[PDB]
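# Just dropping in an experimental structure and the matching sequence.
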Amino acid sequence: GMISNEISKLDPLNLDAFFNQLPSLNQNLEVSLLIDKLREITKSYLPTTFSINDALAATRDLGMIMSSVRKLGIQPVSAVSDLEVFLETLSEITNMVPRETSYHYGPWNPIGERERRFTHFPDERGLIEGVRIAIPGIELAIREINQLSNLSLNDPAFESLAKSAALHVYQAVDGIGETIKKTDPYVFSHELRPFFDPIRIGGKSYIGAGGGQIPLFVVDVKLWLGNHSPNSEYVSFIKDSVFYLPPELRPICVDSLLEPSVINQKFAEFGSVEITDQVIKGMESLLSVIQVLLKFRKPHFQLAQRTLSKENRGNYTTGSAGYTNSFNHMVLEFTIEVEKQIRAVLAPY
Ligand code: HEM
Ligand SMILES: N[C@@H](Cc1c[nH]c2c(Cl)cccc12)C(=O)O
């Protein structure tokens, strides 16, 4: 478990003053100052001496300087070739990618004066608050949904855990609503999106931080996807994402991809045991969770559609992971289909 407060409060590379300048440096395209800071960092710090929390915060801070350079069109590790050993040492300690993710940008990013930010645009706050709210709640919902596999539908503990998970997933809904109300789609495409492009590090390419990196897909795999669609595009996105996750989430995701999902296994229990009143309540509680997922994916799809429109898309047709809104349409159709299947099983009652 990575406690966010213990990471957000760190400044292991003494960059707090620099991050008050960074929005202005990025505005004036001052690539010399960005590159000079990367060079100073590799000479000023023995990263092998860092604790885990220090290395996570360093990844957060160094990652944002790197993404700023990449935003100008320069591969930062090709320009500062000593970065590669530095980043490699850091990722040995974190056992995470040598690059920042949504985790670094949201929950590990401090609130207030020290908040790390690429730009001066307040639309940026919409992305930061979006993932900073979404991630902790989704993580609690993962712990709770994981316990459902080992409870009976007829146990009120089942229904109560699923309800808790639905409440915690609502944090993803609150997160995307913060984005819808603060982030203008046109300012996103033209001012924010360019900071989330891929960076070549040790001969492979790491996508930038993205909303898709909140572990919502982990909820999906345990809850409905399981091992049921082996060749889908969504299982390929998840495949590519497992090792971007914090280590503690990786076994949950891997085992869930290799097992039947909760809803599939609870469908079997339902149509084979004595269907009582607690059992309907328990099955009703799984549909509640799914319906919360839709309360996220429906407005998310609209937001992505206004942003990728001809008028609004700027220079991009994809998200940071290389997909169009078609991918969102497919994840959301998958979820609508589970809601239909659950409502079918319940219709007699
Ligand atoms: C202007 C704002 C946004 C746009 C244009 C946008 C668009 C997209 C796009 C194009 C994808 C496809 C995957 C990829 O290529 O990376 C995607 C995936 C995803 N994004 Fe966003 N997004 C926005 C804001 C957010 C926010 C704030 C969050 C979370 C708080 C979020 C969460 C997700 C998730 C969870 C996925 C994976 C698909 C799913 O589970 O439905 N997005 N988004
Ligand atoms: N969710 C979209 C747009 C996006 C890029 N970076 C983000 C961040 Cl860092 C937070 C929230 C959303 C986004 C994507 O995954 O590329």
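Nice, I can see it. Numbers count the residues shown, from 1 in each chain. Ligands and ions are numbered 1, 2, ... in the order given.

# End to end on stretch 320-330, go ahead and measure it.
End-to-end distance of stretch 320-330 (C-alpha to C-alpha, to the nearest Å): 17 Å.

# Can you tell me the SS state at residue 159?
When classified by DSSP: H, G, I helix; E, B strand; the rest coil, residue 159 comes out as helix.

# Contacts only, for it.
Listed by C-beta atoms under 8 Å, 6 or more residues apart in numbering, the contact partners of residue 159 are 278, 281-282, 284-285. Quick note: C-beta positions are derived from backbone N, CA and C, even for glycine.

# Same question for residue 84.
Residues in contact with residue 84 (C-beta under 8 Å, 6+ apart) are 77, 201-202.

# which residue packs closest to residue 261, ignoring adjacent ones?
Once flanking residues are discounted, residue 261 sits nearest to residue 226: 3.1 Å by C-beta to C-beta, 6 or more residues apart in numbering.

# What is the burial count for the one you found?
Neighbourhood size, residue 226 [other C-beta atoms under 10 Å]: 19.

# Report the secondary structure state of residue 275.
Going by three-state DSSP: residue 275 is coil.

# If you could redo that for residue 200, that was the one I meant.
Under three-state DSSP, residue 200 falls in the strand class.

# That one: neighbour count?
Residue 200: 14 neighbours (other C-beta under 10 Å).

# Redo the contacts of residue 159 as CSV? Include distance to ligand 2.
CSV is the format used below for those (distance: C-beta to the nearest ligand atom, whole Å):
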residue, distance to ligand 2
278, 39
281, 35
282, 33
284, 31
285, 29
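
# Ligand 1: which of the residues you listed is nearest?
residue 285 (21.2 Å; C-beta to the nearest ligand atom).

# Could you find the closest non-adjacent residue to that closest one?
In space, residue 285 is closest to residue 162, 3.5 Å off (C-beta to C-beta, 6+ apart).

# list the contacts for the one you found?
144-145, 148, 282, 285-286, 288-289.

# and if we set it to 7 Å?
By C-beta atoms under 7 Å, 6 or more residues apart in numbering, the contact set of residue 162 is 148, 285-286, 288-289.

# Widest-spaced pair of the residues you listed?
148 and 288 (12.4 Å; C-beta to C-beta).

# Please identify which of these two sits among more neighbours.
residue 148 (24 against 16).

# Quick check: the more buried one touching residue 262?
Yes: shown here, residue 148 and residue 262 form a contact pair, counting by C-beta atoms under 7 Å, at 5.1 Å.

# Can you name the residues of this structure sitting close to ligand 1?
By C-beta under 6 Å from any ligand atom, the residues of the chain that approach ligand 1 are 127, 130-131, 134, 175-176, 179, 183, 185, 188, 210-212, 214, 216, 297, 300, 303-304, 307, 318-323, 325, 327-328, 331.

# OK, contacts around the nearest residue to residue 196 once chain neighbours are set aside?
Nearest residue to residue 196, sequence neighbours excluded (C-beta to C-beta, 6+ apart): residue 208, at 3.5 Å. Shown in contact with residue 208 (C-beta under 7 Å, 6+ apart): 67, 195-198, 320.

# Mark which of these are part of helices, please.
residue 67 (DSSP state H).

# Please tabulate the contacts of residue 208 in JSON lines, including the columns distance to residue 156 and neighbour count.
Putting the contacts of residue 208 into JSON lines (distance: C-beta to C-beta, whole Å; neighbours: other C-beta atoms under 10 Å) gives the following:
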{"residue": "67", "distance to residue 156": "48", "neighbour count": "23"}
{"residue": "195", "distance to residue 156": "47", "neighbour count": "21"}
{"residue": "196", "distance to residue 156": "44", "neighbour count": "22"}
{"residue": "197", "distance to residue 156": "49", "neighbour count": "15"}
{"residue": "198", "distance to residue 156": "48", "neighbour count": "17"}
{"residue": "320", "distance to residue 156": "42", "neighbour count": "19"}
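
# returning to that earlier point: ok, now how distant is the residue nearest to residue 285 from ligand 1?
19 Å (C-beta to the nearest ligand atom, to the nearest Å).

# just residue 200 next, same as before
Residue 200 is 18 Å from ligand 1, by C-beta to the nearest ligand atom.

# Any idea what that residue is bridged to?
Bridge pairing for residue 200 (DSSP bridges) gives the partners residue 205.

# before we move on, the earlier item: mark which of the contacts of residue 84 are buried, thanks.
77, 201 (16 or more other C-beta atoms under 10 Å).

# Of the contacts of residue 84, just say which sits nearest to residue 21.
Of those, the one sitting nearest to residue 21 (C-beta to C-beta) turns out to be residue 77, at 22.5 Å.

# Once you drop chain neighbours, what's closest to the closest one?
In space, residue 77 comes closest to residue 83 once its chain neighbours are excluded; the distance is 4.8 Å by C-beta to C-beta, 6+ apart.

# residues near residue 116, how many?
Count around residue 116 with other C-beta under 10 Å applied: 25.

# before we move on, back to that, quick check on the residue nearest to residue 196: phi, psi?
Per-residue torsions, residue 208: phi -70, psi 170 (degrees, to the nearest 10).

# let's have the chain start at 49 instead
Done: numbering now begins at 49, and the last item shifts to residue 256.

# Distance-wise, check it relative to residue 308.
Noted for residue 256: a distance of 34 Å to residue 308, by C-beta to C-beta, to the nearest Å.
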